[PDB]
Amino acid sequence: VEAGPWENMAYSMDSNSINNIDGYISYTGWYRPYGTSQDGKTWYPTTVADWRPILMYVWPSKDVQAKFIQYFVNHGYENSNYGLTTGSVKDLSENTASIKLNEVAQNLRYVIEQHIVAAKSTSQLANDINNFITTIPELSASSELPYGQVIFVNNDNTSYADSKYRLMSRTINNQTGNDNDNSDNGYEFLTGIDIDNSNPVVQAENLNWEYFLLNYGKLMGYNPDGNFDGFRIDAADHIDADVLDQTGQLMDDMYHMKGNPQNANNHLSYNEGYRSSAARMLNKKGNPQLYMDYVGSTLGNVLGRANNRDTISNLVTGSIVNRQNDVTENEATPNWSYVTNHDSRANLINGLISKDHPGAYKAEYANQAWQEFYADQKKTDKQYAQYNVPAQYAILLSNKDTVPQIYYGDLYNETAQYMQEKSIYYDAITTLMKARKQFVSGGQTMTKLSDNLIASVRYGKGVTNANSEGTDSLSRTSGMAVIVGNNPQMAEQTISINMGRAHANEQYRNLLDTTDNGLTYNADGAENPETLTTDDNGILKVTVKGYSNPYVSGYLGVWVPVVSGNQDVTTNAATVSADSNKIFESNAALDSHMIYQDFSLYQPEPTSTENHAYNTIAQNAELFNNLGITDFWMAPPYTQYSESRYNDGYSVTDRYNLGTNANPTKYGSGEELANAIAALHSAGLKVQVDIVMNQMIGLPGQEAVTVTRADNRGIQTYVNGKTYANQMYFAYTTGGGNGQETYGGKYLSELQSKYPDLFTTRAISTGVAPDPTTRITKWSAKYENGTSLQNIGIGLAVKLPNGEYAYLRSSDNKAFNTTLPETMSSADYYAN
Ligand SMILES: C[C@H]1O[C@H](O[C@H]2[C@H](O)[C@@H](O)[C@@H](O[C@H]3[C@H](O)[C@@H](O)[C@H](O)O[C@@H]3CO)O[C@@H]2CO)[C@H](O)[C@@H](O)[C@@H]1N[C@H]1C=C(CO)[C@@H](O)[C@H](O)[C@H]1O
Ligand SMILES: [Ca+2]
């Protein structure tokens, strides 16, 4: 038998003629048989270009084999001379005899080869195979059960991808496991390939990564200054909280923060979270990072809505700090707060999209939403945009026991080129920002006046409460009164504001007041003059009413002491702590800080080198200082997934490549980053990097992994009554770039030498220390909890009829012996 069906065997038994992922074969995959035939008699050898889809030759069961035959005969491949018509195959099924189905399938092969020769290509065949796959539940992508995630699990078939660790949802107070707080503590999975931050080797790699960022410019040989001072921690509610302990440990080891509030405050770190249980967690740990406060939502519900506003009293209570009469130090949870951030603006725009492209797929256009938003922002009767933006900032910037965070997109038109266009709110917000540096310090009292209308008073540096004498020389000339109403039809009336007994018989300047059309900064259109003077007890009598304009819907008024010139009420941090077990303490020295978010998701790509965000912030370094900003939050500077929607930094490909001249990020190059940070340092600011330990989206390398269908907590779940566990999945899991290759684990030896305690301190979740003996030069499933569903499908893995997976040895892959289906391998099969 020199010519025959034995030529269905693979040309060679290796990767050169058989598609495989880690040795495992796919039903969507292709192979090169030795030869092919269009009639059964004449057989021709393949060249290197003549490959065929495996679904012509092998199937997961007799049922699918019969449905393959039936489908192909019904969709173009009918031929009565080879026993293949719509009624000859109509009654085939899984119960049909095996040799009969094999014979019918062999005849179809000949008819397919006739089709191939008629078309001079396999293009139509490839399309028919893909179309057939979608009609089988088990072969299509829909087998993975949208929408959600899968967890990677242990299996001897995917032994390389095994793990002892994968401790899922060890988040916030659930570090130990054991959720007995009846409170929202967050969950492991968000979106993309979830990094196992429970793995000791990964925990060591995070410390490496953090050390790299903290010494960036030095280690790259760029600007020798220009290294990051701290961290904004992304997705802190969705990572094993061990890494929060270990970040704090590293920073304390490097910079000696436990002793000195000065050292702590110069290396400010803060955790992104939308769950109040994080406050408790951080307090128990001595506050290694700042807790993200929820006063933004309160500000939006009370001042920002069009109609159905919450009562003005919500501003005193609706926060991690009660500010009805806040006259103490070191008691409040050290926190950071915001009027807006990049996600808040995004959720506004991404719901305006739902009206413009109604229920449709977004991925395509919608700058029309922004044109609508910009127009709406200028209107009195706003459809979509936030009301009372300046008043929201006035409250945020005058609040005690917090580090306020200003949003780039509230100072600038965020979809324009970087810092090219100022927002309508630039004047109001920057006026309040400079006034903060000059005036706000001391105890806070928020007094309700008429169900709408609240006076928020700060008593000045060294003035603890309303009855105190001043201790500081600036006590007399410091403090602020912020008047905020949220009823645009409020009756015109007079009000009495207690400035404190330290401010008796004192002249106060009208810093900001409301007019018919907007705001005034020299009392021009207002109900009050340029200056008012307190009575003998320090009460200020002021006139107020409802207004309706683009800036104010209700009332906004701000009063500060009359001063001889330049003033600065920033309190310098102590060089010895009050507690010593605490890292951060909510006091006047922390309250003197102020964060600036430098980016938006809707920031454009730069049209020139001069429009690179890093170059623009190098140019404007002194402006940020002049505005009273001392803590610069920079966007994630990492290399991005090319097809990510916003190009923002969160969809990470390479943790260590922050951009080159040839291949910059959205924000610029690494050398530009180093210069930018040095420029900010020269202006007197500290700067922190957005660090993203939760996920890496868009790794290019595929890996054969064993997976189980899970909810966002990483526990197995059911979807419309269906589930699966221990299924083979050909997921995109492997990569990291040349940055990970060259810098991954590079500084673990140095860290071990300098700070041995990093790798002997046992983590709470695991009970073992970070492991510096393995370097992560490349990411793979072994260091991953799982992934969001990748639209590939679960039932493509080729199992043989005996039950075992089909495997192909190939130099890298030596887990098992080579065992392939008889149809494309066994000479002994074809001998019969
Ligand atoms: C995008 C953001 O998603 C997650 O935060 C979610 C909360 O999980 C979710 O509960 C909701 O928060 C509200 C909460 O439900 C409610 O109790 C309270 O009254 O109000 C909350 C705010 O309105 O919505 C937020 C987001 O809108 C994660 O916790 C965040 O880490 C995540 N942001 C990060 C992470 C990624 C990568 O996944 C980036 O896409 C994003 O830009 C970055 O900021
Ligand atoms: Ca996670």
# chains A, B, ... in the order shown; residues from 1 in each chain; ligands from 1
call {"tool": "residues_around", "arguments": {"residues": "region 7-11 of chain A", "least_positions_apart": "3", "cutoff": "10 Å", "atoms": "only C-alpha atoms", "output": "PyMOL selection string"}}
result
chain A and resi 2-4+14+16-18+31-37+43-48+51+57+106+820-827+830
call {"tool": "write_last_selection", "arguments": {"atoms": "N, CA, C and O atoms", "output": "CSV table (one decimal), in the first residue's frame"}}
result
chain,number,residue,atom,x,y,z
A,2,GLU,N,1.4,1.6,-1.2
A,2,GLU,CA,2.2,2.8,-1.4
A,2,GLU,C,1.4,4.1,-1.5
A,2,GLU,O,2.0,5.2,-1.3
A,3,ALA,N,0.1,4.0,-1.8
A,3,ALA,CA,-0.8,5.1,-1.9
A,3,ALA,C,-2.1,4.8,-1.2
A,3,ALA,O,-2.8,3.8,-1.6
A,4,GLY,N,-2.5,5.5,-0.2
A,4,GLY,CA,-3.8,5.2,0.5
A,4,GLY,C,-4.1,6.2,1.7
A,4,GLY,O,-3.4,7.2,1.9
A,14,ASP,N,5.5,16.5,15.2
A,14,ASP,CA,6.1,17.6,15.9
A,14,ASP,C,5.4,18.9,15.5
A,14,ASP,O,4.5,18.9,14.7
A,16,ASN,N,6.2,21.4,13.8
A,16,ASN,CA,6.4,21.8,12.4
A,16,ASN,C,5.2,21.4,11.4
A,16,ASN,O,5.0,22.0,10.4
A,17,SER,N,4.5,20.3,11.8
A,17,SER,CA,3.3,19.9,11.1
A,17,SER,C,2.0,19.7,11.9
A,17,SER,O,1.0,19.4,11.3
A,18,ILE,N,2.0,20.0,13.2
A,18,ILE,CA,0.8,19.8,14.0
A,18,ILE,C,0.7,21.0,15.0
A,18,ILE,O,1.6,21.2,15.8
A,31,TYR,N,-3.4,21.0,11.0
A,31,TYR,CA,-2.2,20.2,10.9
A,31,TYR,C,-1.9,19.8,9.4
A,31,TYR,O,-2.8,20.0,8.6
A,32,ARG,N,-0.7,19.4,9.1
A,32,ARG,CA,-0.3,19.0,7.8
A,32,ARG,C,-0.3,17.5,7.7
A,32,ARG,O,0.6,16.9,8.2
A,33,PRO,N,-1.2,16.9,7.0
A,33,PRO,CA,-1.2,15.5,6.7
A,33,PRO,C,-0.1,15.2,5.7
A,33,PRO,O,0.4,16.1,5.0
A,34,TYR,N,0.4,13.9,5.6
A,34,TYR,CA,1.4,13.5,4.7
A,34,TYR,C,0.9,13.7,3.2
A,34,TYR,O,1.7,14.3,2.4
A,35,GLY,N,-0.3,13.3,3.0
A,35,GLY,CA,-0.9,13.5,1.7
A,35,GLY,C,-2.4,13.7,1.7
A,35,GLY,O,-3.0,13.6,2.8
A,36,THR,N,-3.0,13.9,0.6
A,36,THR,CA,-4.5,14.1,0.4
A,36,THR,C,-5.0,13.6,-0.9
A,36,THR,O,-4.3,13.3,-1.8
A,37,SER,N,-6.3,13.4,-0.9
A,37,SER,CA,-7.0,12.8,-2.1
A,37,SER,C,-8.4,13.4,-2.3
A,37,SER,O,-9.1,13.7,-1.3
A,43,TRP,N,-3.6,9.7,-4.6
A,43,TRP,CA,-3.2,10.4,-3.4
A,43,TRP,C,-1.9,11.3,-3.8
A,43,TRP,O,-1.0,10.7,-4.3
A,44,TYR,N,-2.0,12.6,-3.4
A,44,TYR,CA,-0.9,13.5,-3.7
A,44,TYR,C,-0.2,14.0,-2.4
A,44,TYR,O,-0.9,14.3,-1.4
A,45,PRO,N,1.1,14.0,-2.3
A,45,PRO,CA,1.8,14.5,-1.1
A,45,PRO,C,1.6,16.0,-1.0
A,45,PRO,O,1.5,16.8,-1.9
A,46,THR,N,1.4,16.5,0.3
A,46,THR,CA,1.3,17.9,0.7
A,46,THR,C,2.7,18.6,0.5
A,46,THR,O,3.7,17.9,0.7
A,47,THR,N,2.6,19.9,0.2
A,47,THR,CA,3.8,20.7,0.4
A,47,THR,C,3.6,21.4,1.8
A,47,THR,O,2.6,21.1,2.5
A,48,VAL,N,4.6,22.2,2.2
A,48,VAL,CA,4.6,22.8,3.5
A,48,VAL,C,3.4,23.8,3.7
A,48,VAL,O,3.1,24.1,4.9
A,51,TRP,N,-2.0,22.7,4.7
A,51,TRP,CA,-2.5,22.3,6.1
A,51,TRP,C,-4.1,22.1,6.0
A,51,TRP,O,-4.7,22.7,5.1
A,57,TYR,N,-10.9,15.6,10.6
A,57,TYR,CA,-10.3,14.3,10.9
A,57,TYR,C,-10.7,13.7,12.3
A,57,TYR,O,-10.8,12.5,12.5
A,106,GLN,N,-14.6,9.8,5.8
A,106,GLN,CA,-13.5,9.7,4.8
A,106,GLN,C,-14.0,10.2,3.4
A,106,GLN,O,-13.3,10.8,2.7
A,820,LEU,N,-1.3,10.8,20.1
A,820,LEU,CA,-2.2,11.5,19.2
A,820,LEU,C,-3.3,10.6,18.7
A,820,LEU,O,-3.1,9.4,18.8
A,821,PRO,N,-4.4,11.2,18.2
A,821,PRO,CA,-5.5,10.4,17.7
A,821,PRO,C,-5.0,9.4,16.6
A,821,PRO,O,-4.2,9.8,15.7
A,822,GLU,N,-5.6,8.2,16.5
A,822,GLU,CA,-5.2,7.2,15.5
A,822,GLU,C,-5.3,7.7,14.1
A,822,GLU,O,-4.5,7.4,13.2
A,823,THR,N,-6.4,8.5,13.8
A,823,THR,CA,-6.7,9.1,12.5
A,823,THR,C,-5.5,9.9,11.9
A,823,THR,O,-5.3,9.9,10.7
A,824,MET,N,-4.7,10.5,12.7
A,824,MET,CA,-3.5,11.3,12.3
A,824,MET,C,-2.2,10.9,12.8
A,824,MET,O,-1.3,11.7,13.0
A,825,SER,N,-2.0,9.6,13.1
A,825,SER,CA,-0.8,9.0,13.8
A,825,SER,C,-0.5,7.6,13.5
A,825,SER,O,0.6,7.2,13.0
A,826,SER,N,-1.5,6.7,13.9
A,826,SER,CA,-1.2,5.3,14.0
A,826,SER,C,-1.2,4.6,12.6
A,826,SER,O,-2.1,4.5,11.9
A,827,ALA,N,0.0,4.0,12.3
A,827,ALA,CA,0.2,3.1,11.1
A,827,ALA,C,-0.6,1.8,11.3
A,827,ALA,O,-1.2,1.3,10.4
A,830,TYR,N,-4.3,2.2,10.4
A,830,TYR,CA,-4.4,2.2,8.9
A,830,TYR,C,-4.0,0.9,8.2
A,830,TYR,O,-4.4,0.6,7.1
call {"tool": "residues_around", "arguments": {"residues": "region 754-771 of chain A", "least_positions_apart": "4", "cutoff": "9 Å", "atoms": "only C-alpha atoms", "output": "PyMOL selection string"}}
result
chain A and resi 165+167+170+174-177+198-205+207+240-243+245-246+249-250+253-254+749-750
call {"tool": "select_by_dssp", "arguments": {"residues": "region 102-182 of chain A", "states": "strand (DSSP E)", "output": "ChimeraX atom specification"}}
result
/A:149-152
call {"tool": "write_last_selection", "arguments": {"atoms": "C-alpha atoms", "output": "PDB file, in the first residue's frame"}}
result
ATOM      1  CA  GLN A 149     -14.423  35.000  34.950  1.00  0.00           C
ATOM      2  CA  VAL A 150     -12.636  31.669  35.442  1.00  0.00           C
ATOM      3  CA  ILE A 151     -10.082  30.642  38.101  1.00  0.00           C
ATOM      4  CA  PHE A 152      -6.934  28.653  37.270  1.00  0.00           C
TER       5      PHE A 152
END
call {"tool": "closest_atom_pairs", "arguments": {"of": "chain A", "to": "ligand 2", "cutoff": "6 Å", "atoms": "only C-alpha atoms and all ligand atoms", "output": "CSV"}}
result
residue,atom,partner,partner_atom_place_in_ligand_line,distance
A:188,CA,ligand 2,1 (Ca),4.1
A:189,CA,ligand 2,1 (Ca),5.1
A:194,CA,ligand 2,1 (Ca),5.3
A:238,CA,ligand 2,1 (Ca),4.6
A:239,CA,ligand 2,1 (Ca),4.2
A:694,CA,ligand 2,1 (Ca),4.4
call {"tool": "residues_near_ligand", "arguments": {"ligand": "ligand 1", "cutoff": "10 Å", "atoms": "only C-alpha atoms and all ligand atoms", "output": "MDAnalysis selection string"}}
result
chainID A and resid 184 186:187 189:192 194 233:239 271:276 294:298 300 341:348 600:601 635:636 646 648:652 690 692:697
call {"tool": "select_by_dssp", "arguments": {"residues": "region 57-94 of chain A", "states": "helix (DSSP H, G or I)", "output": "number ranges by chain"}}
result
A: 62-74, 80-82
call {"tool": "residues_around", "arguments": {"residues": "residue 133 (chain A)", "least_positions_apart": "4", "cutoff": "10 Å", "atoms": "only C-alpha atoms", "output": "list in words"}}
result
residues 27, 28, 55, 64, 68, 127, 128, 129, 137, 138, 139, 140, 141 and 796 of chain A
call {"tool": "closest_residue", "arguments": {"among": "A:387, A:407, A:24, A:508", "to": "residue 817 (chain A)", "atoms": "only C-alpha atoms"}}
result
A:24
call {"tool": "residues_around", "arguments": {"residues": "residue 478 (chain A)", "least_positions_apart": "5", "cutoff": "9 Å", "atoms": "only C-alpha atoms", "output": "short mmCIF file (atom, residue, chain, number, x, y, z; two decimals) with C-alpha atoms, in the first residue's frame"}}
result
data_model
loop_
_atom_site.label_atom_id
_atom_site.label_comp_id
_atom_site.auth_asym_id
_atom_site.auth_seq_id
_atom_site.Cartn_x
_atom_site.Cartn_y
_atom_site.Cartn_z
CA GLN A 438 -3.05 80.85 53.27
CA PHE A 439 -5.94 80.38 55.73
CA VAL A 440 -7.42 76.93 56.56
CA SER A 441 -6.00 75.31 59.73
CA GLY A 442 -7.57 74.86 63.22
CA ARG A 458 -12.11 76.69 60.43
CA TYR A 459 -10.72 78.58 63.44
CA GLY A 460 -7.11 79.13 62.23
CA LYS A 461 -3.66 77.68 62.96
CA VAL A 560 -11.10 84.99 55.17
CA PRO A 561 -9.21 87.42 57.47
CA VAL A 563 -3.98 90.15 55.78
CA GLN A 567 0.74 83.96 54.52
CA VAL A 569 -0.56 78.18 57.64
#
call {"tool": "residues_around", "arguments": {"residues": "residue 330 (chain A)", "least_positions_apart": "2", "cutoff": "6 Å", "atoms": "only C-alpha atoms", "output": "list in words"}}
result
residues 585, 586 and 587 of chain A
call {"tool": "write_last_selection", "arguments": {"atoms": "N, CA and C atoms", "output": "mmCIF file, in the first residue's frame"}}
result
data_model
loop_
_atom_site.group_PDB
_atom_site.id
_atom_site.type_symbol
_atom_site.label_atom_id
_atom_site.label_comp_id
_atom_site.auth_asym_id
_atom_site.auth_seq_id
_atom_site.Cartn_x
_atom_site.Cartn_y
_atom_site.Cartn_z
ATOM 1 N N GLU A 585 -0.977 59.830 60.760
ATOM 2 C CA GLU A 585 -1.821 60.342 61.837
ATOM 3 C C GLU A 585 -2.568 61.557 61.295
ATOM 4 N N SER A 586 -3.883 61.602 61.496
ATOM 5 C CA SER A 586 -4.704 62.704 60.986
ATOM 6 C C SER A 586 -4.564 63.932 61.891
ATOM 7 N N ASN A 587 -3.689 64.853 61.485
ATOM 8 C CA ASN A 587 -3.392 66.072 62.247
ATOM 9 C C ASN A 587 -3.156 67.262 61.306
#
call {"tool": "residues_around", "arguments": {"residues": "residue 588 (chain A)", "least_positions_apart": "6", "cutoff": "9 Å", "atoms": "only C-alpha atoms", "output": "PyMOL selection string"}}
result
chain A and resi 329+400-401+441-442+461+570-573
call {"tool": "residues_around", "arguments": {"residues": "residue 252 (chain A)", "least_positions_apart": "6", "cutoff": "9 Å", "atoms": "only C-alpha atoms", "output": "VMD selection string"}}
result
chain A and resid 258 263 to 264 288 583
call {"tool": "write_last_selection", "arguments": {"atoms": "N, CA and C atoms", "output": "compact mmCIF listing (two decimals), in the first residue's frame"}}
result
# COMPACT_ATOMS: atom_id res chain seq x y z
N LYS A 258 8.06 55.21 60.72
CA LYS A 258 7.42 54.94 62.03
C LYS A 258 7.81 55.94 63.12
N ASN A 263 9.22 62.11 57.84
CA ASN A 263 9.58 61.05 56.89
C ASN A 263 8.34 60.38 56.30
N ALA A 264 7.35 60.10 57.16
CA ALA A 264 6.08 59.53 56.71
C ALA A 264 5.40 60.44 55.69
N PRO A 288 -0.74 52.45 57.36
CA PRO A 288 0.40 52.53 56.43
C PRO A 288 0.11 53.30 55.14
N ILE A 583 1.87 55.01 61.36
CA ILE A 583 2.62 55.55 60.22
C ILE A 583 2.04 56.93 59.91
call {"tool": "closest_atom_pairs", "arguments": {"of": "region 410-526 of chain A", "to": "region 620-630 of chain A", "cutoff": "10 Å", "atoms": "only C-alpha atoms", "output": "CSV"}}
result
residue,atom,partner,partner_atom,distance
A:419,CA,A:620,CA,9.4
A:429,CA,A:627,CA,9.7
A:430,CA,A:627,CA,6.4
A:431,CA,A:627,CA,8.4
A:432,CA,A:627,CA,9.2
A:433,CA,A:627,CA,6.0
A:434,CA,A:627,CA,5.4
A:435,CA,A:628,CA,8.9
A:436,CA,A:628,CA,7.8
A:437,CA,A:628,CA,5.9
A:438,CA,A:628,CA,9.1
call {"tool": "decode", "arguments": {"residues": "region 767-797 of chain A", "atoms": "N, CA and C atoms", "output": "mmCIF file, in the first residue's frame"}}
result
data_model
loop_
_atom_site.group_PDB
_atom_site.id
_atom_site.type_symbol
_atom_site.label_atom_id
_atom_site.label_comp_id
_atom_site.auth_asym_id
_atom_site.auth_seq_id
_atom_site.Cartn_x
_atom_site.Cartn_y
_atom_site.Cartn_z
ATOM 1 N N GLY A 767 0.961 32.998 56.134
ATOM 2 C CA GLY A 767 1.810 32.565 57.243
ATOM 3 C C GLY A 767 3.256 32.275 56.860
ATOM 4 N N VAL A 768 3.663 32.670 55.647
ATOM 5 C CA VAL A 768 5.058 32.559 55.197
ATOM 6 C C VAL A 768 5.513 33.904 54.634
ATOM 7 N N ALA A 769 6.821 34.144 54.654
ATOM 8 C CA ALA A 769 7.384 35.398 54.152
ATOM 9 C C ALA A 769 7.399 35.435 52.623
ATOM 10 N N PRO A 770 7.556 36.640 52.038
ATOM 11 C CA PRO A 770 7.874 36.741 50.613
ATOM 12 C C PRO A 770 9.150 35.966 50.261
ATOM 13 N N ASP A 771 9.163 35.365 49.074
ATOM 14 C CA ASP A 771 10.213 34.443 48.649
ATOM 15 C C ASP A 771 11.091 35.109 47.580
ATOM 16 N N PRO A 772 12.297 35.575 47.965
ATOM 17 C CA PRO A 772 13.183 36.229 47.004
ATOM 18 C C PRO A 772 14.033 35.277 46.145
ATOM 19 N N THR A 773 13.965 33.964 46.390
ATOM 20 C CA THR A 773 14.826 32.999 45.687
ATOM 21 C C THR A 773 14.407 32.699 44.236
ATOM 22 N N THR A 774 13.195 33.106 43.845
ATOM 23 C CA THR A 774 12.718 32.982 42.465
ATOM 24 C C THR A 774 12.419 34.365 41.893
ATOM 25 N N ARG A 775 12.977 34.642 40.716
ATOM 26 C CA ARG A 775 12.761 35.900 40.005
ATOM 27 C C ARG A 775 11.679 35.715 38.946
ATOM 28 N N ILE A 776 10.699 36.620 38.915
ATOM 29 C CA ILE A 776 9.669 36.607 37.872
ATOM 30 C C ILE A 776 10.177 37.385 36.660
ATOM 31 N N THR A 777 10.784 36.663 35.722
ATOM 32 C CA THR A 777 11.245 37.233 34.458
ATOM 33 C C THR A 777 10.139 37.219 33.394
ATOM 34 N N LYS A 778 9.126 36.373 33.595
ATOM 35 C CA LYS A 778 7.996 36.264 32.676
ATOM 36 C C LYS A 778 6.750 35.792 33.424
ATOM 37 N N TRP A 779 5.629 36.480 33.206
ATOM 38 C CA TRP A 779 4.359 36.121 33.842
ATOM 39 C C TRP A 779 3.726 34.927 33.140
ATOM 40 N N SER A 780 3.041 34.092 33.915
ATOM 41 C CA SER A 780 2.322 32.929 33.391
ATOM 42 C C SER A 780 1.239 32.517 34.388
ATOM 43 N N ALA A 781 0.420 31.535 34.012
ATOM 44 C CA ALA A 781 -0.721 31.094 34.828
ATOM 45 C C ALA A 781 -0.377 30.722 36.278
ATOM 46 N N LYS A 782 0.802 30.131 36.490
ATOM 47 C CA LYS A 782 1.275 29.757 37.838
ATOM 48 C C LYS A 782 1.271 30.910 38.856
ATOM 49 N N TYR A 783 1.456 32.142 38.372
ATOM 50 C CA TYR A 783 1.394 33.350 39.205
ATOM 51 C C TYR A 783 0.061 34.110 39.093
ATOM 52 N N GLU A 784 -0.997 33.436 38.632
ATOM 53 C CA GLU A 784 -2.271 34.088 38.322
ATOM 54 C C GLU A 784 -3.449 33.336 38.946
ATOM 55 N N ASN A 785 -4.411 34.095 39.472
ATOM 56 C CA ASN A 785 -5.647 33.537 40.035
ATOM 57 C C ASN A 785 -6.604 33.074 38.941
ATOM 58 N N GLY A 786 -6.612 33.795 37.823
ATOM 59 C CA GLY A 786 -7.451 33.456 36.679
ATOM 60 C C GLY A 786 -7.570 34.621 35.719
ATOM 61 N N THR A 787 -8.658 34.643 34.954
ATOM 62 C CA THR A 787 -8.913 35.719 33.996
ATOM 63 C C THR A 787 -10.404 35.928 33.773
ATOM 64 N N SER A 788 -10.770 37.127 33.327
ATOM 65 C CA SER A 788 -12.098 37.360 32.765
ATOM 66 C C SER A 788 -12.240 36.508 31.501
ATOM 67 N N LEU A 789 -13.476 36.176 31.144
ATOM 68 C CA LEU A 789 -13.727 35.278 30.019
ATOM 69 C C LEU A 789 -13.171 35.865 28.718
ATOM 70 N N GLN A 790 -12.373 35.067 28.003
ATOM 71 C CA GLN A 790 -11.615 35.530 26.830
ATOM 72 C C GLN A 790 -12.272 35.241 25.468
ATOM 73 N N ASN A 791 -13.520 34.767 25.473
ATOM 74 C CA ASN A 791 -14.277 34.478 24.244
ATOM 75 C C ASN A 791 -13.600 33.413 23.359
ATOM 76 N N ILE A 792 -13.098 32.352 23.998
ATOM 77 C CA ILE A 792 -12.404 31.249 23.308
ATOM 78 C C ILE A 792 -13.197 29.934 23.343
ATOM 79 N N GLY A 793 -13.708 29.561 24.516
ATOM 80 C CA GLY A 793 -14.445 28.303 24.695
ATOM 81 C C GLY A 793 -13.657 27.251 25.460
ATOM 82 N N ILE A 794 -14.390 26.361 26.132
ATOM 83 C CA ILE A 794 -13.815 25.367 27.057
ATOM 84 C C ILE A 794 -13.579 23.974 26.461
ATOM 85 N N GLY A 795 -14.353 23.605 25.438
ATOM 86 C CA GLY A 795 -14.340 22.242 24.894
ATOM 87 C C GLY A 795 -13.605 22.087 23.577
ATOM 88 N N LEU A 796 -12.391 22.635 23.500
ATOM 89 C CA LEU A 796 -11.542 22.526 22.307
ATOM 90 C C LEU A 796 -10.317 21.625 22.503
ATOM 91 N N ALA A 797 -10.154 21.039 23.684
ATOM 92 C CA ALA A 797 -8.865 20.451 24.106
ATOM 93 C C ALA A 797 -8.301 19.123 23.530
#
